[PDB]
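Visitor: When you line the sequence shown up against the deposited numbering, it's residues 14 to 140, 157 to 324, in that order.
For each residue, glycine too, the CB sits at the ideal point set by N, CA and C.
There's a structure below that I have some questions on.
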Amino acid sequence: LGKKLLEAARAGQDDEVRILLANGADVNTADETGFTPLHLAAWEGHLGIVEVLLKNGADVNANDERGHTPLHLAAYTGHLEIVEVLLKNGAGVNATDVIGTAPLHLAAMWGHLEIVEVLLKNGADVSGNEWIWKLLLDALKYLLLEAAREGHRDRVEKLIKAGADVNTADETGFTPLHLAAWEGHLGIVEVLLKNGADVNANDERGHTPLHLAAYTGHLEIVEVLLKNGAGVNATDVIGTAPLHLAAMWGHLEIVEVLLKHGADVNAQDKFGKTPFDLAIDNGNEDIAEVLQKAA
């Protein structure tokens, strides 16, 4: 009966598991190295088996002979709904196995970042074996890049609190601060700068967060970046500075704050064009007037 219960759980045969339990099968039966039906269901992704077993008194924190719990197995195999059900039934979020890894680290092994984040929300402890720490810190990097583009301040704050490196970058050279400025997320710009983000990080085309905020016209982000030391005269690989971008795209208020913070009206891009020239070219007479008076 114990063998039948293990194999019915592995196969996801819910009504067969129900019958076996009703007929007295030990819900915490173990195979020869300590795997219980809940282990195998969690490994295999059979949520229905998981819920039936837990309803019938299964030990949510059963260990096999390597110290793995059902939450370890569900994390490693990427079964998010089972992770949630296990946690809701008292699974130990910080259970550690015989080599020191917890469910968060096994989830990171195959890139199961939503599970990593869920485990963080449920108390996953973030304080040679630094390989374990790298698993966490890399997952946090990827999560922070994702969260910074998305825009939710609470999510980013949580990831930074957990140890995410605010100065990481994606493969194009966009840091979280670039992404937050690009997408117009002022709240995340503020949080990143409060936590040590390089205000003048360059992507591979020489674009700083201030280039991106001037390009997109986000005045409040421009102002916060300038208050934190953004390079008002930084140039991209074609010589374009923030004042050029604000003039090209008709952002009069951004031209004004850039000028207040020391922007150089005489800077020429690689084509010899000053911000005034570009204002003229684009029919932005009001901006051209401001720049000529500041010449």
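At 4 residues or longer, what runs of the alpha helix (DSSP H) sit wholly inside the segment 233-269?
Guide: Runs found: 238-245, 248-256.
Visitor: According to DSSP, is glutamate 78 helix, strand or coil?
Guide: Reduced to three states, the DSSP call for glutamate 78 is coil.
Visitor: Let's test the definition: count the other Cβ atoms within 10 Å of the Cβ of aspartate 138 and tell me whether it reaches 16, buried, or not, exposed.
Guide: Result: exposed.
Visitor: Name the two residues that bound the continuous alpha helix (DSSP H) containing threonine 303.
Guide: From DSSP, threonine 303 is part of no alpha helix (DSSP H); its letter is neither H nor E.
Visitor: In three-state terms, what does DSSP make of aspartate 293?
Guide: Here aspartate 293 sits in coil by DSSP.
Visitor: Between the beta-carbon of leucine 174 and the beta-carbon of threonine 197, is there less than 8 Å?
Guide: Yes.
Visitor: Using a Cβ-Cβ cut-off of 7 Å (strictly less than) and excluding sequence neighbours within five positions of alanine 43, which residues of its own chain qualify?
Guide: Closer than 7 Å at the Cβ level, and outside the excluded window around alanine 43, lie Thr49.
Visitor: Less than 8 Å between the CB atoms is what I'm expecting for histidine 247 and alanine 210, so what's the real figure, rounded?
Guide: That belief holds up - the Cβ atoms of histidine 247 and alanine 210 are roughly 7 Å apart, short of 8 Å.
Visitor: Could you give the C-beta distance for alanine 38 and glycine 15, rounded to a whole number, given that I count them as a contact under 8 Å?
Guide: With 8 Å as the limit, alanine 38 and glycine 15 qualify as a contact, their Cβ atoms being about 6 Å apart.
Visitor: Mark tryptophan 162 as exposed unless 16 or more other C-beta atoms lie within 10 angstroms of its C-beta, in which case mark it buried.
Guide: The residue is exposed, with fewer than 16 neighbouring Cβ atoms inside 10 Å.
Visitor: For the candidate residues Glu285, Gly105, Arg234, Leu51, whose alpha-carbon lies nearest to that of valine 266?
Guide: Nearest option by C-alpha distance: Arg234.
Visitor: The alpha helix (DSSP H) with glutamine 321 in it runs from where to where?
Guide: Note, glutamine 321: alpha helix (DSSP H), 314-322.
Visitor: For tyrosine 89 and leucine 126, which I take to be in contact (beta-carbon distance under 8 Å), what is that distance rounded to the nearest angstrom?
Guide: Between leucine 126 and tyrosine 89 the Cβ distance is about 14 Å, and since that is not below 8 Å, they are no contact.
Visitor: On the three-pair Cβ rule with 8 Å, is the segment 78-95 touching the segment 106-113?
Guide: Flag = yes, the segment 78-95 and the segment 106-113 touch.
Visitor: Assuming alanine 263 and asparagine 295 are in contact, meaning their beta carbons sit under 8 Å apart, how far apart are those beta carbons, in whole angstroms?
Guide: Rounded, the Cβ-Cβ distance is 15 Å, inconsistent with contact.
Visitor: Using the rule of at least 16 other Cβ atoms within 10 Å of the residue's Cβ for burial, across every protein chain shown, is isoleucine 112 buried or exposed?
Guide: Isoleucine 112 is exposed by the Cβ-count criterion.
Visitor: Taking 8 Å as the threshold (C-beta atoms), are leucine 67 and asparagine 102 in contact?
Guide: Yes, the Cβ-Cβ distance between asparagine 102 and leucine 67 is below 8 Å.
Visitor: For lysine 302, does the count of other Cβ atoms within 10 angstroms reach 16, so buried, or fall short, so exposed?
Guide: Buried is the call here.
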